[PDB]
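To begin, one chain is listed below as structure tokens, in the form deposited in one PDB entry.
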């Protein structure tokens, strides 16, 4: 019990505070299990819109949306599923998503033909660097940490040079340039 719960709490919080970017629909799937866990099977009597504080069931970037109807619907989808069997599922849904176990940063990429930068999620692990869609969350690109030649940072930018001719560099708008530079560095020197 105690071990299963450490992981559940870990996965949960990393989602509620937005450390693990997930797409709406899933946040509500999670919330669904979160209700099964904290309340027990659904009760179409008590469990109706307004019966929940959505600030402690979802990523700040969805509390607004008001998908309280989505959560109870997913809640309902758990029948009489145990508090434990739900914790499990939630932890398997948390791992099945690529964004799982990555350390993102919000970056602003300049896309050709449009002066208007398009917010993006930058992901980094001890093995790769991925490009993740701000809203949808679906990765768009992926690079091996071992193909990183050098990086650079400034109080308002970050750039990664793989040494890939055609593509060139990957520069972005960021205030976290010195932290994203620190991470990678730590990782790289662990991986020869």
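Just so we're on the same page, rigid core means the largest C-alpha set that superposes within 1.5 Å between forms. Numbering follows the first chain given and starts at 1.
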property: Across other compared entries, residue 75 missing in at least a third; result: no
property: Across other compared entries, residue 99 missing in at least a third; result: no
property: Mean C-alpha temperature factor, higher of 165-173 and 12-20; result: 165-173
property: Average Cα temperature factor in the PDB entry - higher stretch of 130-138, 56-64; result: 130-138
property: Among 37, 160, 153, 28 - the residue whose C-alpha B-factor is largest in the record; result: 160
property: Top residue by Cα temperature factor, when 107, 94, 88, 71 are compared in the entry; result: 107
property: Third of chain Cα B-factors occupied by residue 114; result: middle
property: Third of the chain's Cα B-factor distribution that residue 46 belongs to, per the entry; result: lowest
property: Within-chain third of residue 77 by Cα B-factor, per the entry; result: highest
property: Relative C-alpha B-factor of residue 4, binned into the chain's lowest, middle or highest third; result: middle
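Just so it is clear, the following notes concern the form deposited in another entry, a form of the same protein that is not shown.
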{"query": "Threshold 2 Å Cα movement between this form and the one not shown for residue 114, core superposed", "finding": "yes"}
{"query": "Cα displacement of residue 145 between this form and the one not shown reaching 2 Å, rigid core superposed", "finding": "yes"}
